[PDB]
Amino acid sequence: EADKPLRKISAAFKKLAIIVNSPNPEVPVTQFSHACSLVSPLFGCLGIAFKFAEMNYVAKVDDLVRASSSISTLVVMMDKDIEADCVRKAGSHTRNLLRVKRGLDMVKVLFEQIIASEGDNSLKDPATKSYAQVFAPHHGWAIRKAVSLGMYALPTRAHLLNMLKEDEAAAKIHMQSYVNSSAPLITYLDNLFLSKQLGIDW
């Protein structure tokens, strides 16, 4: 109890889904960055092959955590970056947010594909399909090929759930929860970008 990462995730993101759906939504950077850090333990359930993905995501979340001590909300964070004209500058808060947002969407589609792929001990199909939908349009060739290689170093479905410390029943519940919770959040984040004419495809 409390060594169950899927449950720390579902709880944290259900709070954010309430904030985002309520009127006049103000998403705190502390609260947002914390929930994003709760995804990081999902790496280290994967092989050593995905340590390049783990470092990149964690580094970006660390930045958002570091930003959370000076910046009030996510909106304020983006506004400050527009005003400093560094939105697309490498390592900026807003740019990291966009990549992190894709990371959340990646987890979402993966959970969706995993739940569907029940009766198959291979994570090859869910992982491949989900990466193709979320990250393939944004990653260069070398990154995409390195990823397809790392797909062979993936654990089995049973072993993933074992390391996540859940049986099939509980896992499918807390995964479906995140999928439900993250959807309005991803939409909210997408809209922050679109409503400010920043785009989301860069």
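Heads up: residue numbers just count along the shown sequence, starting at 1.
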Review point. Which of the two stretches, 39 to 47 or 137 to 145, shows the higher mean Cα temperature factor in the record?
Key: 39 to 47
Revision key, fill the gap. Once average C-alpha B-factors are taken from the entry for 110 to 118 and 97 to 105, the winner is 110 to 118
**Study point:** Among 17, 9, 186, 192 - the residue whose C-alpha B-factor is largest in the record
**Key:** 17
Point to revise | Selection from 177, 156, 162, 69 [criterion: highest C-alpha temperature factor in the record] | key: 69
Point to revise | CA B-factor ranking of residue 29, expressed as a third of its chain | key: highest
Exercise for review: Could you tell me which third, lowest, middle or highest, the C-alpha B-factor of residue 65 occupies within its chain?
Suggested key: highest
Check your understanding: Taking the entry's C-alpha B-factors for this chain, is residue 132 in the lowest, middle or highest third?
Key -> lowest
